[PDB]
Amino acid sequence: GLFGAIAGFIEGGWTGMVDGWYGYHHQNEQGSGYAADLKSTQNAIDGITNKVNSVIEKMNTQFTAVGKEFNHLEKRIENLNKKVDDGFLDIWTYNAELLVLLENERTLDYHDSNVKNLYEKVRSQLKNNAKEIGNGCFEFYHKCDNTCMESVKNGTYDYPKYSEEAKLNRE
Amino acid sequence: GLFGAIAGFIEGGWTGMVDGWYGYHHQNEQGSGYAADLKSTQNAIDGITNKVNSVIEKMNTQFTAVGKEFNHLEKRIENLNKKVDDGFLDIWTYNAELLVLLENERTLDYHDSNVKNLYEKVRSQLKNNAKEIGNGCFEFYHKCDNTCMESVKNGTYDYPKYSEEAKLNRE
Amino acid sequence: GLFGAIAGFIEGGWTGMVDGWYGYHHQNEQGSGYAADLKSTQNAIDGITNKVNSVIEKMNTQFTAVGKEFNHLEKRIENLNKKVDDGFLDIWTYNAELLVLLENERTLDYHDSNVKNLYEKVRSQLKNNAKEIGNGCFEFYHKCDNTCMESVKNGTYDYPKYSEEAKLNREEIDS
Amino acid sequence: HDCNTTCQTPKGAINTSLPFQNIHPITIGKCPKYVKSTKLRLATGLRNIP
Amino acid sequence: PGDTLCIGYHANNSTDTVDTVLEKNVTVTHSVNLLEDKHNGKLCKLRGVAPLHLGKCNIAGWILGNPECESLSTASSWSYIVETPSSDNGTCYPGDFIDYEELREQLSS
Amino acid sequence: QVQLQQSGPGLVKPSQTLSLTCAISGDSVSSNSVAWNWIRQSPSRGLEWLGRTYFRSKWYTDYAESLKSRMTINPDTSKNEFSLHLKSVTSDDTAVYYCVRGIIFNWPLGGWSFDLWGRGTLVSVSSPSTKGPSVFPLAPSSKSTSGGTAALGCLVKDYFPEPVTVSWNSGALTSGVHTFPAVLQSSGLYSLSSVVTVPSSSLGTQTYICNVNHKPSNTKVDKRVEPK
Amino acid sequence: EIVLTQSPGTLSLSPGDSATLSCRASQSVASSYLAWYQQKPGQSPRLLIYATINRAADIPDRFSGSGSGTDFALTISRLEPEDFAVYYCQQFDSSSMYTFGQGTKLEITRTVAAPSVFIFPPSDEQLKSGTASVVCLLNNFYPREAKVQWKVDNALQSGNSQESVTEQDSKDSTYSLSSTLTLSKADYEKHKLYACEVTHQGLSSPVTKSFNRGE
Ligand SMILES: *[C@@H]1O[C@H](CO)[C@@H](O[C@@H]2O[C@H](CO)[C@@H](O)[C@H](O)[C@H]2NC(C)=O)[C@H](O)[C@H]1NC(C)=O
Ligand SMILES: *[C@@H]1O[C@H](CO[C@@H]2O[C@@H](C)[C@@H](O)[C@@H](O)[C@@H]2O)[C@@H](O)[C@H](O)[C@H]1NC(C)=O
Ligand SMILES: *[C@@H]1O[C@H](CO)[C@@H](O)[C@H](O)[C@H]1NC(C)=O
Ligand SMILES: *[C@@H]1O[C@H](CO)[C@@H](O)[C@H](O)[C@H]1NC(C)=O
Ligand SMILES: *[C@@H]1O[C@H](CO)[C@@H](O)[C@H](O)[C@H]1NC(C)=O
Ligand SMILES: *[C@@H]1O[C@H](CO)[C@@H](O)[C@H](O)[C@H]1NC(C)=O
Ligand SMILES: *[C@@H]1O[C@H](CO)[C@@H](O)[C@H](O)[C@H]1NC(C)=O
């Protein structure tokens, strides 16, 4: 996309991660599995929910009847009424078509942005204790147990703690 | 936002910086204080001013009177006249509300872009002569007086001059 | 722009590369010259084409005659027909102007995104065997003949093949 | 037939809250805007790539 | 052969497609419809008030009392009037119903 | 539409593996967009989620970190069911177990919620073997007068397992009858008290008999209560 | 990891009144992943509200959810008799995946009433078998909050008595309580005076029923 993460440097998506839209997949000595990041998932949910409502509910109409009846000696104002009805039809069709075209692009970029930013929050924590092996994965230069995993996701990874071990494994 | 700096890795903004929208806050041996980057602020101002003007100025209207009078035997064309007024009312209200909604999202993304773009310009000058300490700050590996600070802000930081000094302070 | 590549860290564009929108300019022992990345160019082409068509195609009209003639005792509805034509004129003009403004900004940001995304791919391929010298170029830490170039432009750069040669020439400059 | 609706069209009634419809341009009531479109699908999730 | 941690996103059996400004038939994991293309095929009660069905008659015949529309039980209120494309029992004695279109717009509700 | 039928042993020897199955009707166990869970409910530990199973071109499982070792959920596509296996069972594991479905990511948006709850299979774990009840009388008297009416009852002590049914005069007397819920004594057996209030004038002249049925042991006792 | 704490424990309220049940978490909770459940007496739980604001299927308009972050709530506007039930909140995180609350009980009651107290010595039949059970009875009181202590020779017993409380009555909405002091025959004959003390809100001062062994 624009941010180049979805269908970009992260090739595909995970049918296994069912907790949310964005998350992690880890494996270490004591197991493996998926886990969604709810902080970014909820923000996207709260944001997309507000976006659909803003398109639906900023449309408010009043009671009106479109049916006007004109006899055979009123063809002029009957064609005028047709020009009004056909005029509103052309506008509301072009607006709705272009709106859904444009905002579908924006929404797919918004999900691309969230994956990119979620990736940078992890990269800027594991500065050189982990290896950017590409494909949106990090290989740690140290043993990272399930306690350590839950801290990278939480955003509280202790760099000075594991910097000692990762220095020597880099060789 | 999308580019993930405002409310992102730069956690908050500065009430102290009163000179512009974006800027720096240095801390060296001889001083410390806020200072705005005017080249990035002037561009943001010119951009936003052109955007607000392009919304208002494209609305070029003509002299027109809306008040139409119809007797009690013309309630058919009267309801046609009201269908035209209530029809234009529904179009402009929807377009304006959706314009303000969608363009405010672009405006805030534009500021987030300019902040991240300014950061990525300071980072490309202090390649390894400074430590990216997160939160959008740089910690220098060498003595950086006001001649050095002003050289980064205006975009002329001489890397080979301080490269030798920063080589040894990496330790 | 928004992505800081077009007129960003890449300061200018190339006139000599007429093959496409985005591309490469190599410099090695065997020669030099321009060549376009057709994969990233064909995507921008197909997308922009689909953008322009979707703005023209979604406008469909029917056979209509706007000419309405009224006599001197129908001045009222004559003004109503004027209000209808004048109302549509103000709408279609304000919409068309704002559409081209907003989507031209998007189109130019769309190229900015593609140039930036192309650079990140080359950087994420040459992780340690090249030196980011800025403004979109990479200096190689090893011999890169025409076989090495056409593997970077194509996406099959063999990092372990040159990882040892680039490692030695790297600590040689660090002194 | 016996049923309540806020929007009525000659070929039937519309029970809906969406802003657009393509059933009939002649409507009576607090109705959605008639459009010539046949599919106005607004994406909410990601691009699906298994 | 060390520990890893990957960042990723969702994917499912979804077959819905949307159109974007750059690409058509884009498969997404979740979507919603903004266009209503379904109807119940019944003329219902608008505003909770049942309409007025004229059957074989039109308004001219109903309001004047054509001998075919005497069976029309006239209620006290209605929301809208229903005629059929085959309703032709109006002015049985030929003539001109003056301001007929305006009277319809007055009796509509 | 969709229904969940549970089955499994109601009593577990307090060392073996607890097993329960849940057959599905209307939906599919190998279905996507849903997830099948197990949740227990013990009056000591509230509502405890145990584990879940879902199929996304592959079988996944997620277990609670409190057990994380002794629980397993196996599916079976040929019968469209999924079962529970809780090894090394203790008295902490005595609870009412439900199988339940998760329905995340529907409109309006997201949110993991449980919508379909099974009827519930109470699984007690206990060492004692089946044992009949002992029935003693709770005799009233004078000094049992609280106002103008007295109270008498029956004590059904040391039976196993649940339940017992206590009726008064073969159901002729129902007004004022309180049959307390059974309590689990330290011995592993249960105890139950059932009382009734009658006017003081009726003590020496009426006749009051409580009836106890413990069908798991084919035991039926009828005991008369007389004052002091 | 994330603990949900509801309040109040029990909620006494008459039919037709308006009830607000709260649910406070130890950490921030994802708004979408929070839900509410209703458990009618004897029946299994049933989804009431999901995504913190959205009623489930076939849920009357009386129920409405609220809250965000740490504190959430569930409001019932007009209590129907069928709303006497227990309500649980439930949240999801990626560490402690599914956690509930202890649940609020909606005790649809009023009109405080004190208990009549009865005591029953152990039967001669039971004494022959070596055990001795003394049963103290609290009949048709409200509310449930009641203290039942045992005094043997005016020495307060502890750790050898079991209480039992009947469910809410369907006519007068009261409770019944039985406390059973179980000890051996040797300890039973070792003392003389066996008393049961009841401390309830409806009693101005505590009430004692007692007897002497062999009487
Ligand atoms: C930062 O300030 C310095 C001032 O010393 C600028 O330097 C001059 O740049 C111009 C081109 O704009 C040259 O013609 C001059 O020879 C430079 N030196 C002097 C002493 O004027 C520098 O250009 C500024 N930074 C940027 C990015 O323009
Ligand atoms: C979009 O797709 C419609 C349905 O066709 C099916 O789905 C797409 C995604 C392809 O896999 C195609 O092979 C399938 O048959 C088409 O009817 C429609 O024409 C398509 N849109 C365009 C613009 O061609
Ligand atoms: C997660 O981050 C919060 C931030 O305040 C911190 O308090 C907490 O200790 C961290 N770890 C866990 C397991 O929550
Ligand atoms: C180009 O890319 C293709 C497909 O990834 C690959 O098979 C091939 O080896 C690459 N290099 C050349 C020179 O074609
Ligand atoms: C229609 O609305 C009225 C209230 O105005 C209500 O009494 C009636 O039952 C409704 N009928 C249907 C079919 O919903
Ligand atoms: C609207 O239509 C849907 C279609 O299934 C139906 O379920 C719903 O009950 C309808 N709503 C009303 C108010 O009739
Ligand atoms: C999607 O689901 C259908 C169910 O009929 C299945 O046959 C198909 O293989 C699935 N495909 C994908 C790509 O999920």
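Residues numbered from 1 in each chain as written, not as in the entry; some residues may be left out. Chains lettered and ligands numbered in written order. Part of a larger assembly, values for the part shown. Heavy atoms only, no water.

This entry lists X-ray crystallography as its structure determination method and reports a resolution of 3.5030 Å.

Chain E appears in the PDB entry as Hemagglutinin HA1 chain from Influenza A virus.

Where the PDB entry is consulted, chain C appears under the name Hemagglutinin HA2 chain, with the organism given as Influenza A virus.

Enquirer: I tried to follow empty space enclosed by the protein on my own but got confused; where do I start?
Expert: If a probe as big as a water molecule is rolled over the atoms, it shows which places are left empty. Scanning all chains against the criterion turns up 3 cavities of 30 Å³ or more. Along the walls of the largest cavity sit 13 residues, with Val183, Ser191 and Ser193 of chain F together with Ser178 and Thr180 of chain G positioned nearest its centre. Looking at the lining of the largest cavity, the elements with two or more residues in it are β17 (190-199) of chain F together with β14 (161-165) and β15 (175-184) of chain G. Empty space within the second largest cavity amounts to approximately 60 Å³. What lines the second largest cavity is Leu2, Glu105 and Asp109 of chain A, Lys51, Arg106 and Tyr110 of chain C together with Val21 and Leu22 of chain E. Put simply, the parts of the chain that give the lining of the second largest cavity at least two residues each are α2 (75-123) of chain A together with α2 (75-123) of chain C. In terms of residue class, the lining of the second largest cavity is built from 4 nonpolar, no polar and 4 charged. (1 Å grid on protein atoms, 1.4 Å probe; cavity = no way out; pocket = protein on both sides within 12 Å on 5 of 7 lines; lining within 4 Å. Points joined across faces, edges and corners; volume = space filled by probe spheres on them. Helix = DSSP H or I, 4+ residues; strand = E, 2+ residues; numbered from the N terminus. Nonpolar A, V, L, I, M, F, W, Y, C, P; charged D, E, K, R; others polar.)

Enquirer: So what exactly am I meant to see when it comes to the interface of chain A and chain B here?
Expert: Accessible area lost upon the coming together of the parts serves often as the stated size of an interface. Tallying the contact residues gives 31 residues for chain A and 27 residues for chain B. Note on chain A versus chain B: buried area summed over both sides is about 2400 Å², and carbon and sulfur give 64% of it. Area buried by chain A at its contact with chain B is led by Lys58, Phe88 and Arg106 of chain A, which between them contribute 24% of it. Our count for the chain A to chain B interface comes out at 3 salt bridges. (Contact = heavy atoms within 4.5 Å. Buried area = accessible area lost by both parts, 1.4 Å probe. Salt bridge = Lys/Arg side-chain N within 4 Å of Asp/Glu carboxyl O.)

Enquirer: Explain the environment of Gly33 of chain C to me, please; I cannot follow it from the model alone.
Expert: All names here are of chain C. Within the fold, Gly33 resides in strand β2 (residues 32-36). Note on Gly33: relative accessible area 21%, which makes it partly exposed. Sequence separation between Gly33 and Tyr119 is 86 residues, and the spatial gap between their C-alpha atoms is 18 Å. (Buried < 20%, exposed > 50% of the residue type's maximum accessible area, 1.4 Å probe, protein only.)

Enquirer: Explain the arrangement of the chains to me, please; I cannot follow it from the model alone.
Expert: There are 13 pairs of chains in contact here, and the one with the most contacts is chains D and E. A gap remains between chain D and chain F, which never touch, and the nearest two C-alpha atoms on either side lie 9 Å apart.

Enquirer: When you look at the sheet that holds strand β5 (residues 28-29) of chain D in this model, what are you seeing that I'm missing?
Expert: Backbone hydrogen bonds hold the strands of a sheet together, and the pairing may be parallel or antiparallel. Pairing is antiparallel in the open sheet, where 4 strands are placed in the order β3(A)-β5(D)-β2(D)-β3(D). Each end of this open sheet is capped by a strand with a single partner; those strands are β3 (64-65) of chain A together with β3 (12-14) of chain D. Across 2 bridges, the pairing between strand β2 (residues 7-9) of chain D and β5 of chain D is antiparallel. Bridging across to β5 of chain D, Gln8 of chain D finds its partner in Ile28 of chain D. (Pairing = 2+ DSSP bridges.)

Enquirer: Please explain the state of the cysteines as it appears in this structure.
Expert: In a disulfide, the sulfur atoms of two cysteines are held together by a covalent bond. Going through the model one piece at a time under the given rule, you end up with 11 disulfides over all chains. Shown here is the disulfide that connects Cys7 of chain D with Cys31 of chain D, its sulfur atoms set 2.0 Å apart. Taking the torsion about the S-S bond as the criterion, the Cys7 of chain D to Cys31 of chain D disulfide, at about 105°, is right-handed. Of the two residues, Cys7 of chain D is situated in strand β2 and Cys31 of chain D in the loop between β5 and β6 (33-34); the sequence distance between them amounts to 24 residues. Of the two residues, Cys7 of chain D and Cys31 of chain D, both sit in the buried class. Between the sulfur of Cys57 of chain E and that of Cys69 of chain E lies a disulfide, 2.0 Å long from S to S. The chirality of the disulfide connecting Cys57 of chain E with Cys69 of chain E is left-handed, given an S-S dihedral of about -100°. Of the two residues, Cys57 of chain E is situated in the loop between β7 (52-53) and α1 (59-64) and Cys69 of chain E in the loop between α1 and β8 (81-82); the sequence distance between them amounts to 12 residues. (Disulfide = S-S within 2.5 Å.)

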